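Q: The data below comprise the sequence and an experimental structure of the protein.
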Amino acid sequence: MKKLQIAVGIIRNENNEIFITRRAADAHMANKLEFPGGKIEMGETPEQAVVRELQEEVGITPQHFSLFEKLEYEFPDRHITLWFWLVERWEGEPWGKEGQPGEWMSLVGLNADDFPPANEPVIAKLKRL
Ligand SMILES: Nc1nc2c([nH]c(=O)n2[C@H]2C[C@H](O)[C@@H](COP(=O)(O)OP(=O)(O)OP(=O)(O)O)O2)c(=O)[nH]1
Ligand code: NA
Ligand code: NA
C-alpha cells in the first residue's frame, strides 16, 4: 500500500474554537470533519507543507506554529504519517477557499467520531489543553 506524509493545521482562535472543514463525498475519509491539510510534496518540508496547504485550502498563512503531534495510521488501503501542527497565529481569515464546508467549532464540542480515526488521540489531547 502507498505511504503518504500529511501535514494538517489545528487552527485555534482566542475563544478555544477550531476551524474545521468537511471532506468531499468522493474523497478518502469521505464526509469526515478534518483539520485542513494535505500531502507533503517532494522538495518541501513539513513546516513548508502546512503553510502551503492552509494557504490553498482556507486562505491563511500560519506563523509561529508548533508540532502538536506526529503519528502513524494504517487505513484499510493506505498508510499515512500525520503531522498535526497547532496554529495559534496566522495572517488572514480562514474560509472555504476550495468551496468546501468550513466553520469554527468549539474544542469541547468536537466529537472524534466525526473525524478520521487517526485524529482521535489528538482531539483527546487538545481537550486537555
Ligand atoms: N487533511 C486532513 N487529512 C486527514 C486528517 N486526518 C486524516 O486521517 N487524514 C487523512 C485523510 C487522507 O487519507 C489524508 C489527507 O489527504 P488529502 O486528500 O487531504 O490530501 P491532499 O488534499 O493533499 O490531496 P490532493 O487533492 O492534493 O491530491 O490524510 C485531517 O485531520 N486532515
Ligand atoms: Na495537496
Ligand atoms: Na486536503
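A: Sure, I can see it. Residues are numbered from 1 along each chain as shown. Ligands and ions are numbered 1, 2, ... in the order given.
Q: State whether residue 118 is indeed within a helix.
A: Yes. Read with DSSP: H, G, I helix; E, B strand; the rest coil, residue 118 is one of the residues of a helix.
Q: List the residues that contact it.
A: If you count contacts by Cβ atoms under 8 Å, 6 or more residues apart in numbering, residue 118 has them with 71, 73, 80, 82. The C-beta positions use only the backbone N, C-alpha and C, and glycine is treated the same way.
Q: Within range of ligand 2, give me the residues from this protein.
A: 38, 39 (Cβ under 5 Å from the ion).
Q: center of the chain, which residue is that?
A: residue 35 (2.4 Å; Cα atoms, centre = their mean).
Q: closest point of this structure to ligand 1, which residue?
A: Residue nearest to ligand 1 within the chain: residue 38 (2.4 Å; Cβ to the nearest ligand atom).
Q: And what about the nearest residue to that residue once chain neighbours are set aside, helix, strand or coil?
A: Spatial nearest neighbour of residue 38, excluding adjacent residues (Cβ to Cβ, 6 or more residues apart in numbering): residue 53 at 4.6 Å. Following three-state DSSP, we place residue 53 in the helix state.
Q: What are the contacting residues of stretch 72-80?
A: 1, 2, 3, 4, 5, 6, 28, 81, 82, 116, 117, 118.
Q: out of those, which are buried?
A: 6, 81, 82, 116, 118 (16 or more other Cβ atoms under 10 Å).
Q: Kindly identify which of those also come near ligand 1.
A: By Cβ under 6 Å from any ligand atom, the members of these lying near ligand 1 are 6, 82, 116, 118.
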